[PDB]
Amino acid sequence: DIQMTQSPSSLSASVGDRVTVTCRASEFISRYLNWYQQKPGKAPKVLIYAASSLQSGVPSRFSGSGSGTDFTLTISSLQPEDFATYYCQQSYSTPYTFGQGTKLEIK
Amino acid sequence: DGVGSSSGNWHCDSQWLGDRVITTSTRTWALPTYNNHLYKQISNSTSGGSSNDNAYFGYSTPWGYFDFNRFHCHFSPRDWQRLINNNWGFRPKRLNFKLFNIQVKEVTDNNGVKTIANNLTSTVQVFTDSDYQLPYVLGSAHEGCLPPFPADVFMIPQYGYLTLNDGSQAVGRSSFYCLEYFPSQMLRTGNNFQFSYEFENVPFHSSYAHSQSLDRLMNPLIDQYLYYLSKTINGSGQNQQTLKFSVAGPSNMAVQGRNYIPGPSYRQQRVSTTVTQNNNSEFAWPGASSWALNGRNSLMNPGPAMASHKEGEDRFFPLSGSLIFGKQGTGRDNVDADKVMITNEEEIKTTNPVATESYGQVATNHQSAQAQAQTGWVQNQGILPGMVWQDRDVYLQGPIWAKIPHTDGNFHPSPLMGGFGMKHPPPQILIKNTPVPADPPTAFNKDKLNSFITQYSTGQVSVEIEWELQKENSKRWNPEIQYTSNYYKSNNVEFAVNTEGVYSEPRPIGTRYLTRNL
Amino acid sequence: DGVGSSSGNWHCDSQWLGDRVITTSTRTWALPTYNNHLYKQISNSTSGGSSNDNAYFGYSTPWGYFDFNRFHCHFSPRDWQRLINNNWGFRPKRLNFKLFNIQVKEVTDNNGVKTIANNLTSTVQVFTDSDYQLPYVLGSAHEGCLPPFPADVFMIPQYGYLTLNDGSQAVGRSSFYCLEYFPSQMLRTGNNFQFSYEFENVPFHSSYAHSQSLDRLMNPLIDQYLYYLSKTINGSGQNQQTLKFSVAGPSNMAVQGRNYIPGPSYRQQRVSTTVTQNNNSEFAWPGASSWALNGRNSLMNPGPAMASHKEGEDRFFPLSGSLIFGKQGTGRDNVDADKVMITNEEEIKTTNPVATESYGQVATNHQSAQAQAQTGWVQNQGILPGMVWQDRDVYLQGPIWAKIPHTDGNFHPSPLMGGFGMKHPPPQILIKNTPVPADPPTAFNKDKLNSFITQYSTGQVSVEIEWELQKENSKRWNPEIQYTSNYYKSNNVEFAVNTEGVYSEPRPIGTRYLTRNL
Amino acid sequence: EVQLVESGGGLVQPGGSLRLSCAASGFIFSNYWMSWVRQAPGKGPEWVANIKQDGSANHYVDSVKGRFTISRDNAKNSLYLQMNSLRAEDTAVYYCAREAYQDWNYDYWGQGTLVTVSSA
């Protein structure tokens with residue numbers, strides 16, 4: 001299957017900071033890559049899907065870019081609500097695979 | 001007529017008469033029961049992003065069909081040679097089809113041992129789709145055609161079609177077709193079937209190569225009376241701008257004025273058969289030229305007709321710009337390069353742009369005292385007034401005709417995999433075994449009968465095509481290139497059987513040997 | 001003719017020519033042996049009060065019969081659409097029936113394994129009952145008709161009839177019929193059978209809905225010159241009697257004089273598809289409208305043609321006033337409401353009373369200084385001079401014709417389940433396998449032979465009907481309602497097979513879309 | 001609007017069999033592919049199985065092949081996961097998700113049910 005590698009495993013920043021998360025794919029998965037934000041005790045919530053496109057009802061500070069094997073999740077003007085675990089998932093082929101996850105910390 | 005009388009004879013040969021050649025092929029076929037006499041809805045079983053381009057919806061039918069749409073169905077290798085060495089062009093004229101010596105067999109399997117017997121009262125149904133009312137599957141380069149070698153017995157392929165789909169779901173606009181809802185002729189073992197067909201007028205396939213190139217049409221001894229801009233500056237320095245003009249002549253043939261330009265291009269990625277020269281990455285799908293339709297991406301294959309490679313470089317081929325045939329016994333998936341035969345379109349370099357090159361350069365700005373002249377590469381170029389081009393060549397293994405889609409408009413409808421485009425191509429010939437139910441219950445039941453006698457049929461097919469020829473008139477003094485066999489000793493004769501009785505075709509054979517002036 | 005020759009071909013299609021449409025259907029059938037070649041007396045096996053209405057006496061026969069009396073036998077869903085969107089009426093004209101490609105199979109079962117072989121010398125017997133001398137079972141909405149989908153193989157239903165009965169016993173007036181006592185044609189595997197039939201003149205089915213209602217025929221801008229009684233009293237008090245009269249006009253359209261009144265009614269009980277709205281009791285049989293004949297009660301089903309429900313209320317349906325079809329795969333007994341398809345007669349509200357409503361009110365007394373005016377509800381109303389009505393609609397799944405009973409009198413003989421009533425309908429077509437006895441003993445025995453070879457037959461049926469059309473002439477400016485498919489994506493195409501090959505009909509389709517002025 | 005509810009979660013000894021049911025009230029259930037996703041405690045979530053919108057096809061992750069059966073009832077708008085031969089590794093929170101049309105991501109997720117495989 002395809003392996004998804006997410007970097008960095010953990011990150012800490014402050015409100016207003018710019019945060020960037022990188023996801024790498026073992027095989028070409030085209031634009032079918034999703035970013036999910038998850039908070040304890042809740043299901044993962046999709047932020048960005050299909051590489052660049054943003055989910056409706058999600059703040060414009062979340063952005064996504066990349067295609068083929070390399071993708072990046074960008075957060076501008078960080079907020080207290082933003083601190084969570086972030087996953088990159090590939091919906092290109094079965095079995096669908098998720099990234100290890102990036103945890104964000106208050107500073 | 002009768003059980004003990006034969007309803008047809010075996011006709012295989014070619015008759016070369018003047019400007020006409022008539023080929024006749026006879027084969028033996030076997031027809032199974034497909035889908036247990038059922039129509040069944042089918043769709044792609046995959047999920048995810050990858051499925052998107054591969055999504056489909058359609059139906060498989062109990063019917064089979066006859067496909068003679070490859071050239072090696074109608075021509076022996078010697079006849080194909082006799083054609084391509086002596087003629088500048090050819091095209092089909094008439095078609096005659098026969099189906100005869102029908103045998104229906106029943107199979108009773110008991111305790112792991114199966115018995116086969118004649119069922120003399122069973123029928124086989126056949127009809128042709130003369131009104132082009134069914135979806136037309138014969139122009140998709142499919143398997144299941146009559147075998148090139150006359151002694152082989154072949155299985156008849158199952159008919160199926162696709163209709164409109166959204167992902168794997170259908171839409172209200174999607175069509176369903178029952179083939180039982182056509183009138184068809186029913187045949188017991190004494191009956192036979194035939195029909196004849198008339199090809200609509202098509203241009204002669206151009207089975208020749210140009211002995212001139214589009215850019216070399218001038219008289220090499222004479223100047224033009226046209227001028228071109230030779231110098232924009234007197235030399236090094238400031239404020240050296242000038243306009244100088246020269247005559248275009250034998251010394252510089254690149255700047256001469258020309259009346260005609262090469263044809264359209266859609267660039268292909270270039271792949272080498274020397275693998276160390278290729279990039280160390282997977283780029284087969286990602287680096288491929290494609291077109292999108294309703295959100296789905298289709299590979300551009302083979303695409304517009306373009307020269308496969310530049311002169312002197314034969315190790316390169318377009319990524320999906322050529323027809324690739326398998327050698328005999330080649331597996332289905334991930335075979336090596338020596339297992340396949342990559343054809344090339346090198347003959348058409350005279351009028352057509354190279355598949356892996358840009359078409360040319362255009363100006364991207366206005367040069368000025370403050371701005372240098374800028375150019376850009378034209379990766380794809382559509383039709384321009386003054387373009388001339390050649391179509392793709394046809395091969396002994398390749399297709400003959402395609403059906404032109406029924407649309408408001410088309411341009412140069414010649415099909416891109418090669419051959420003759422037709423609004424009314426040879427019709428589809430559908431065949432199935434009539435179901436024979438097993439013993440029903442003795443009390444009435446309204447459910448349809450799901451229990452049948454296992455049964456299959458076999459018989460003979462003959463197909464006859466008349467071909468019109470266009471003879472070579474040339475005044476060329478020196479001898480031509482011809483297609484020929486090689487005298488060197490080998491363990492096998494090419495285009496023959498081996499010691500196990502397997503017929504193979506050593507290499508793909510194109511049509512273009514004789515030359516014509518451009 | 002012969003064993004190895006086919007005696008017919010497969011004809012399925014429709015031909016639309018001017019005002020005529022010709023449908024042709026071909027199917028494959030299987031005929032078993034019924035009753036071990038015996039006629040057998042049959043009667044209801046039940047006892048008690050409940051048996052009374054269900055009592056019967058009759059005979060089952062070894063014969064089968066062919067039934068094409070449903071519309072989906074002759075029309076595809078697209079042809080039915082093409083009919084009902086474009087035409088104001090239609091009716092059958094000619095009938096042509098063929099029976100061919102007969103195969104007789106023998107079944108030898110030994111030790112639990114059964115062998116099937118051809119028996120080439122066996123016959124199948126067939127005759128049509130042209131003189132209408134047999135009891136006519138084709139007008140009772142029975143199963144066993146040719147399947148709507150042409151690829152299905154169907155079993156032929158067993159023939160049987162009922163005669164006069166007292167409880168389960170017979171009477172001296174009861175008739176017995178041997179079908180062997182008709183002349184019939186015998187067919188071996190090379191023989192075929194056909195006959196043609198001419199429909200007697202029937203009115204066009206009215207495949208349209210009225211764009212006016214019977215009570216709205218007046219000019220909405222003008223008064224009548226007629227008067228009605230507006231007031232019987234001046235006001236509150238004693239001795240206020242008066243006679244006041246007003247003009248009927250646009251303001252009050254209910255009191256206007258009219259030339260024609262709505263048709264007859266026999267009230268049905270009203271049932272809701274929302275079950276919480278229905279009463280918490282069993283009232284299906286007890287609360288049902290019925291008629292009694294010679295002591296036995298028959299449900300009134302479907303009964304006189306009446307509007308299924310009032311405007312705006314589609315959740316209600318007559319208790320036994322509508323035709324109810326099962327969906328594909330629906331069981332026989334106590335299925336839920338989503339397993340069946342309840343048709344409605346909402347189109348005929350313009351001229352017909354609602355099935356679940358009273359017809360109207362009548363005066364029940366003479367009003368006087370001592371007696372107030374009294375009215376009562378008319379639960380059932382027979383024909384009155386000046387009534388107009390519509391018949392019941394016909395459906396793709398529904399019956400085509402019925403036989404009018406042979407009687408001194410009838411009124412508006414149009415059959416109540418829908419379709420065309422005929423004194424000489426299409427005749428019954430009876431078929432059976434000729435019994436082939438097994439080896440008799442070698443010493444003579446006078447008993448009839450009870451030992452036979454197990455045997456069944458199969459073959460092809462084609463039926464062809466010519467239909468006359470009545471084209472829509474309307475001057476309506478705005479567009480019509482049409483029957484159409486829905487564009488929304490679905491897992492299946494409606495009126496197609498699924499992934500297992502099962503053909504289904506999604507919903508019942510009526511005939512009434514186009515409109516006519518009343 | 002769109003609601004997915006998971007039921008049948010609970011503790012079971014190893015080798016035990018459990019059935020999970022998903023209820024969907026908010027959309028046309030027969031138009032969509034449905035998946036099962038599990039998240040082990042302290043781990044990233046993981047894809048278990050999906051099934052076709054008509055139920056014709058289905059896919060499973062290799063670890064659970066043969067021991068789990070995904071099933072779909074379109075009339076009742078419910079998704080069922082059948083678990084057999086349960087293991088300690090199998091214990092996780094099970095999520096029912098809907099796969100987005102065209103994009104294929106999980107647009108909607110159910111609350112999920114915790115399922116524990118314990119030796120005790």
Side-chain angles (χ1 to χ4, degrees), chain B residues 1-4 35-43 59 62 106 108 110-111 117 119-123 125 127 163 166-167 169-176 178-191 434-449 452-453, chain C residues 2-6 8-13 24 26 28 30-36 76 101-103 105 107 113-118 120 143-144 147 149-158 189 454 456 458 460 485-501 503:
Chain B
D1 181 66
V3 174
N35 287 342
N36 288 282
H37 308 287
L38 294 173
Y39 291 83
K40 286 186 259 185
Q41 176 215 303
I42 60 176
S43 65
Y59 297 97
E106 58 189 342
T108 74
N110 174 222
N111 304 135
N119 190 342
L120 297 178
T121 57
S122 294
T123 56
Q125 295 177 339
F127 71 96
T163 187
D166 184 358
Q169 285 179 327
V171 293
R173 189 172 296 122
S174 295
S175 293
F176 170 72
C178 183
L179 276 66
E180 302 298 324
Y181 184 64
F182 293 81
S184 64
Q185 180 177 346
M186 301 183 80
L187 277 69
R188 289 187 181 179
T189 189
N191 301 129
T434 303
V436 179
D439 52 348
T442 58
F444 172 77
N445 190 31
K446 70 185 184 72
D447 293 345
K448 67 177 180 180
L449 301 175
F452 298 96
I453 291 169
Chain C
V3 174
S5 179
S6 178
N9 288 331
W10 189 273
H11 296 87
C12 287
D13 61 351
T24 306
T26 308
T28 296
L31 179 64
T33 295
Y34 289 111
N35 287 342
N36 288 282
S76 65
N101 287 338
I102 307 302
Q103 293 148 281
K105 304 294 185 179
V107 178
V113 8
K114 77 205 320 169
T115 301
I116 297 170
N118 285 333
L120 297 178
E143 297 277 23
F149 182 69
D152 292 347
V153 177
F154 70 101
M155 182 175 176
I156 293 172
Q158 187 178 357
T189 189
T454 300
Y456 72 94
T458 186
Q460 314 302 323
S485 291
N486 292 326
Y487 187 88
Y488 302 112
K489 57 182 187 175
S490 48
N491 297 335
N492 295 284
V493 174
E494 289 181 349
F495 296 98
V497 297
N498 58 27
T499 61
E500 291 84 358
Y503 176 79

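The sequence lines fix the lettering, A, B, ..., with proteins before strands; numbering per chain opens at 1.
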Name the region of [X], side chain, backbone, both or neither, that has any atom closer than 4.5 Å to a heavy atom of chain C.
X: B/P62; result: neither
X: B/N35; result: neither
X: B/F182; result: backbone
X: B/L179; result: neither
X: B/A438; result: both
X: B/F176; result: side chain
X: B/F127; result: neither

So do [Y] and [X] actually touch side chain to side chain, heavy atoms under 4.5 Å?
X: B/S122; Y: C/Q103; result: yes
X: B/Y59; Y: C/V493; result: yes
X: C/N101; Y: B/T123; result: yes

Please walk me through it: do C/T26 and B/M186 pass side chain to side chain contact (heavy atoms under 4.5 Å, CB included)? CA-CA 12 Å; C/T26 308; B/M186 301 183 80; 5.9 Å; no
Per-residue contact mode, [X] against chain B (heavy atom under 4.5 angstrom):
X: C/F495; result: backbone
X: C/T33; result: backbone
X: C/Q460; result: side chain

Do you know which two heavy atoms are closest between B/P437 and C/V153, and how far apart they sit? CG-CG1, 4.1 Å
Residue pair C/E500 / B/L38: nearest heavy atoms and the distance that separates them: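 Closest approach of C/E500 to B/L38, heavy atoms only: O-CD1, 3.7 Å.
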Around atom CG of C/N498, are there more than 12 heavy atoms of other residues, nucleotides or ligands at under 6.0 Å?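 Counting neighbours around CG of C/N498, more than 12 heavy atoms of other residues, nucleotides or ligands fall under 6.0 Å, so yes.
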Would you check, one step at a time, whether the test side chain to side chain contact (heavy atoms under 4.5 Å, CB included) holds for B/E106 with C/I116? CA-CA 10 Å; B/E106 58 189 342; C/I116 297 170; 5.9 Å; no
Derivation and outcome, side chain to side chain contact (heavy atoms under 4.5 Å, CB included), residues C/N492 and B/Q41: CA-CA 8 Å; C/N492 295 284; B/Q41 176 215 303; 2.7 Å; yes
Any donor-acceptor pair under 3.5 Å from C/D152 side chain to B/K448 backbone: no
Looking at chain B, which one of C/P32, C/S5, C/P150 has the largest number of heavy-atom pairs inside 4.5 Å, strictly under?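 Ranked by heavy-atom pairs under 4.5 Å with chain B, first place is C/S5.
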Do B/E180 and C/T28 pass the side chain to side chain contact (heavy atoms under 4.5 Å, CB included) test, and can you show the C-alpha distance, the side-chain angles, and the key distance before you say yes or no? CA-CA 11 Å; B/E180 302 298 324; C/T28 296; over 6 Å; no
